[PDB]
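The chain below stands alone and is given as structure tokens, in the form deposited in one PDB entry.
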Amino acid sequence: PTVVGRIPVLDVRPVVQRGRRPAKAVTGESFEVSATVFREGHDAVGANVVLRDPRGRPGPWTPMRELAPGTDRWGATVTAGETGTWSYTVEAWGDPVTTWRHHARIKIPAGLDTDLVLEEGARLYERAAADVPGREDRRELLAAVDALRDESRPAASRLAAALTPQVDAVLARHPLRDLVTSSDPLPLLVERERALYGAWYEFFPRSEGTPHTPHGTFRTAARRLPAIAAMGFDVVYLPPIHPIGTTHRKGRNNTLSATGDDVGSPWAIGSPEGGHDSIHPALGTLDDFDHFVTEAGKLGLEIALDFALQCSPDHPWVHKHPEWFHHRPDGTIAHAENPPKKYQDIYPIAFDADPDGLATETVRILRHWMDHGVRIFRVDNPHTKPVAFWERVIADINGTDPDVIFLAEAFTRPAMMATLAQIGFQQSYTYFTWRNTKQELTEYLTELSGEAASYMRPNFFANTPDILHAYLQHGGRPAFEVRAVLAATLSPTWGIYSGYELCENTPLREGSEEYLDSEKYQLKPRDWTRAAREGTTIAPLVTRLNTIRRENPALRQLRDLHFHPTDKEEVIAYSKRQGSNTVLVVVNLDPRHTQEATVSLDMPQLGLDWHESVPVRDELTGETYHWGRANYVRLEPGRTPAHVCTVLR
């Protein structure tokens, strides 16, 4: 038994961990299946992709083409349908009809062995007709056969009868395939739309309180939900909603000792009041939570809860399950770290004394919140827990509830980030916030939209409670507008942390990416009404970007992305396409100076000829333009961060 088949079909992609983990897609998402296909001798090959659904049913006829001359690399686009575990194969084959046509087209005008050549053509078309199911199609081919054999017609006429468009149509759909050879099937995990596409909004319920009761509840925080939905978001992500420890509770601005009314960090989970399956008593009850979830649902918002597998020193687990922690010789548990950051208010979990107990309890907790309508979890720092632990937990949860989405908050080295996605995380945080120059952005998104897209779905948060980039610090509102445009148009999933709209950008100190008076350690009431009235919010820009995304399919996918040359380092241009929808974006990365540039569009990449010019509408302003191979732009920060254009019919 040979490893290589009759007609070699090798190195089928996409592939994850040599086939041990599935490649990823979502419903309706297109992606390219490719392979290395060739044969011995000089005759032609063909190839096609067979995508099988969870019941094993093959999809449509999907012929491949060679992707570049001389490479023997073949590819075709396939589209994922319903959710579940799919599989795909590549089939390679001798293509004798293409070979014969190429030869016949030369030998017949030349008068070389024309009777022999034409009879050879007849015998091929006969064999082709054998595997054709439709009688009318069979007759079309038999007609070509009989004309090929009609020795009373001129040679050129006999040949032309075999090359009609009606003949071609039958053969494109039902080619004569010699020596059909398959690859072994590769697995494909198809998940719901929201795993790839969605806009995310993060906020702290406790900050949305009242004059008499500053600490918000689920009842009072539910009042933010309409504004969040009105901005076009689809997911609300909440920091931990559990009780917060008192022992070593942190004070305002990440100081070591809390005083008086200090609320502590939500990530210091657990107290006598309860742990990960409990509600912070100042937020209300489980019933209040259900109400909040119902109200979010009515507005088209899904809740994403923070899952942080760690404990305050006051968490029940500390005495109920001591072996879930590493104890030093004197009995103490060292507080967690993420150097040079220190987390004195929490203990990390130890996994090697009782991995089964931890896993059982972890999925019990997740299933608790799932029963209260939470189908998305934002997983805090998963790279500090064992990789195989997440693999097991996610397979367990998705085994009964495949719609549950896990988002990996792993800001770490590339190997770990990729692995966490590959072992099951539906979504990943990225390096987005640390990619701000044109080169950084171009390089990173080429990586994300390239091969990584077969296992990773990026969630572009333009800020988070722990990340205020110096770009925003130094650039002010024009920088906030640029990052929102970039995040919203470069990834099918993006997000902001509340306060981004107001352009909050005062850091803890120079050189830090922490906010001053961080909301992690104090209530932060914000005057939303005033900001709206005084126009000191970019909420209208955020709203518009999400509307443009909702209306343009090209912006709801990841893999089709192309960067176009510009003659200015500060100006970046790119396009994305999905079917007949084409979006073209031009961004001035300079938040402080006006930039004019020439944008030289890669026209064949837009599916246009170099001479052509197309109508475009800038969806940020309503202005229309006619663009071609080279277009002038002038972008004034404060007035215009970018052009976000749809190509018009």
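Numbering starts at 1 and follows the sequence shown. Rigid core (definition): largest C-alpha set, two forms, superposition within 1.5 Å.
Worksheet item: Averaging C-alpha B-factors over each stretch, which comes out higher, 427-435 or 334-342?
Response: Higher of the two, by average CA B-factor, is 334-342.
Fill in: Average Cα temperature factor in the PDB entry - higher stretch of 408-416, 560-568
It is 560-568 that shows the higher mean C-alpha B-factor.
Fill in: Residue of maximum C-alpha B factor among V482, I349, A169, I496, per deposited coordinates
Most elevated C-alpha B-factor of the set, per the entry: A169.
Worksheet item: Among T598, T62, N588, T36, which residue carries the highest C-alpha B-factor recorded in the PDB entry?
Response: Highest CA B-factor of the listed options: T598.
Worksheet entry | For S491, the third of its chain into which the C-alpha B factor falls | It belongs to the lowest third of the chain when residues are ordered by C-alpha B-factor.
Practice prompt. Divide the modelled residues of the chain into thirds by Cα B-factor and specify which third, lowest, middle or highest, holds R634.
Written response: For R634, whose C-alpha B-factor we compare with every modelled residue in the chain, the answer is the highest third.
Discussion item. By the recorded C-alpha temperature factor, relative to the other modelled residues in its chain, which third is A359 in?
Written reply: According to the entry, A359 has a C-alpha B-factor in the chain's middle third.
Worksheet item: If you rank the chain by CA B-factor, which third does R18 end up in: lowest, middle or highest?
Response: CA B-factor rank for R18: middle third.
Practice prompt. Could you tell me which third, lowest, middle or highest, the C-alpha B-factor of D178 occupies within its chain?
Written response: Tercile = middle for this residue's CA B-factor.
Beyond the structure shown, there is the form deposited in another entry, which is absent from this document and is the topic of what follows.
Worksheet item: Relative to the superposed core, which single residue of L286, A156, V180, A334 shows a CA shift of 2 Å or more between this form and the one not shown?
Response: Meeting the 2 Å or more criterion is only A156.
Worksheet item: After a core superposition, would you say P133 shifts its C-alpha by at least 2 Å between this form and the one not shown?
Response: Shift at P133: 2 Å or more after core fit.
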